[PDB]
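There are 2 protein chains.
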Amino acid sequence: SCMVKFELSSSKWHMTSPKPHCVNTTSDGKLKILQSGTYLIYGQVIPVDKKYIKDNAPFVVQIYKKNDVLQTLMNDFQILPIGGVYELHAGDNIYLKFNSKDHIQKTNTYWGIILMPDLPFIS
Amino acid sequence: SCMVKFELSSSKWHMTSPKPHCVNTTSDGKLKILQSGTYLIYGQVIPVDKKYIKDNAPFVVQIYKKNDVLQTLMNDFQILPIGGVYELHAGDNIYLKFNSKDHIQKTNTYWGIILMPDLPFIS
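Protein sequences, first through last, are from chains A and B. The opening position of the first sequence corresponds to residue 51 in the deposited numbering, with each subsequent residue numbered one higher. The opening position of the second sequence corresponds to residue 51 in the deposited numbering, with each subsequent residue numbered one higher.
Quick look at the structure:
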């Protein structure tokens, strides 16, 4: 069992074990994958109320795997769930990128990963 | 360990177990929580290209918990990850509502839950 959750409000990771086998984490909210496997990347990014953003800069969130974009998301400054199921390899760095970090409300913004169990049964 | 994943292309649930203890799943793509706990609800809803949209309905996805909306999601027909971390209770029906089924590219659209382990280790 291996899961970690980063809370942007505190810049703390919450973890299943003292030292998770599947991942290393840093205080910037980035991760390095230690175990190759299928991961669920998740989170919610809370934008500042658009009422308070007085330019035309879009609200964009990207998730990167090393130097490759895994996904790019944008909405009109509404709560943004992120991630999905991705196959990852030992050594992969995972991290978020924001069009503007000033768009992000720290309160209730979080992200993380969980190492998925195999799903061999089908109904 | 308890995780399920509904593949909209096939209408099949992929499962950790022959009979997952935490959840009852149905072939309509709905589920009912059997074990009270902290869950990660996840998925990706992939829209068809706007050039194929015939109707006038906006791209909207809702997650329902029993008879009430837990989450309302919307964008301009772009990739939509869904969900987040939620406390759910035995008996909670969870299902997705789309504004228009014709908006959805079934092939890579999926959703599900995973019962989360405790995250007692912080830093």
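Every residue gets a Cβ at the ideal spot worked out from N, C-alpha and C, and that includes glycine.
Going along chain B in order, which residues have a C-beta closer than 8 Å to the C-beta of residue i?
i	result
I164 of chain A	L90, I164, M166
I132 of chain A	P131
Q121 of chain A	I129, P131
Can you name the residues of chain B whose CB is closer than 9 Å to the CB of residue i?
i	result
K101 of chain A	Those within 9 Å of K101 of chain A in chain B number zero; the least Cβ separation is about 18 Å.
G141 of chain A	Within 9 Å Cβ-Cβ: nothing; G141 of chain A doesn't reach chain B, min ~23 Å.
In whole angstroms, what separates the C-alpha of residue i from that of residue j?
i	j	result
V119 of chain B	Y145 of chain B	10 Å
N117 of chain B	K69 of chain B	26 Å
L84 of chain B	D142 of chain B	8 Å
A107 of chain A	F148 of chain A	11 Å
residue 12 of chain B	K104 of chain A	Shown here, chain B extends from 51 to 173; a query on residue 12 of chain B therefore has no answer.
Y114 of chain B	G162 of chain B	13 Å
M124 of chain A	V111 of chain A	6 Å
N74 of chain B	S173 of chain A	11 Å
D126 of chain B	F109 of chain B	7 Å
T157 of chain B	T122 of chain B	22 Å
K55 of chain B	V95 of chain B	13 Å
Under 9 Å between the Cβ atoms of residue i and residue j?
i	j	result
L169 of chain B	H64 of chain A	yes
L130 of chain A	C52 of chain A	no
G133 of chain A	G79 of chain A	no
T159 of chain B	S86 of chain B	no
For residue i, return the contacting residues in chain E, with the cut-off set at a CB-CB distance below 9 Å.
i	result
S59 of chain A	In the structure shown, chain E does not exist; the protein chains are A and B.
If you compare alpha carbons, which of the options is closest to residue i?
i	options	result
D99 of chain A	A:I154, A:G79, A:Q121, A:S59	A:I154
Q128 of chain A	A:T76, A:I83, A:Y102	A:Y102
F171 of chain A	B:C52, B:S67, B:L58	B:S67
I91 of chain B	B:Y136, B:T157, B:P167, B:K156	B:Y136
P167 of chain B	B:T88, B:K82, B:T76, B:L123	B:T88
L138 of chain A	A:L81, A:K151, A:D152, A:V110	A:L81
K151 of chain B	B:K55, B:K62, B:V73, B:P97	B:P97
Checking the sheet assignment: what are the DSSP bridge partners for residue i?
i	result
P131 of chain A	A:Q94
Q112 of chain B	B:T122, B:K147
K62 of chain A	A:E57
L138 of chain B	B:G87
Using a cut-off of 8 Å between C-beta atoms, extract the partners of residue i located in chain A.
i	result
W63 of chain B	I172, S173
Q155 of chain B	Within 8 Å Cβ-Cβ: nothing; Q155 of chain B doesn't reach chain A, min ~14 Å.
For residue i, return the contacting residues in chain B, with the cut-off set at a CB-CB distance below 7 Å.
i	result
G87 of chain A	What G87 of chain A touches in chain B: nothing, since even the nearest Cβ is about 13 Å away.
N125 of chain A	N125
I144 of chain A	The premise fails here: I144 of chain A is roughly 15 Å from chain B at the closest Cβ pair, so nothing lies under 7 Å.
Against residue i, what residues of chain A qualify as contacts under a CB-to-CB distance less than 7 Å, listed in chain order?
i	result
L169 of chain B	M53, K55, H64, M65, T66
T75 of chain B	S173
residue 21 of chain B	With chain B covering 51 to 173 only, the question about residue 21 of chain B has no answer from this structure.
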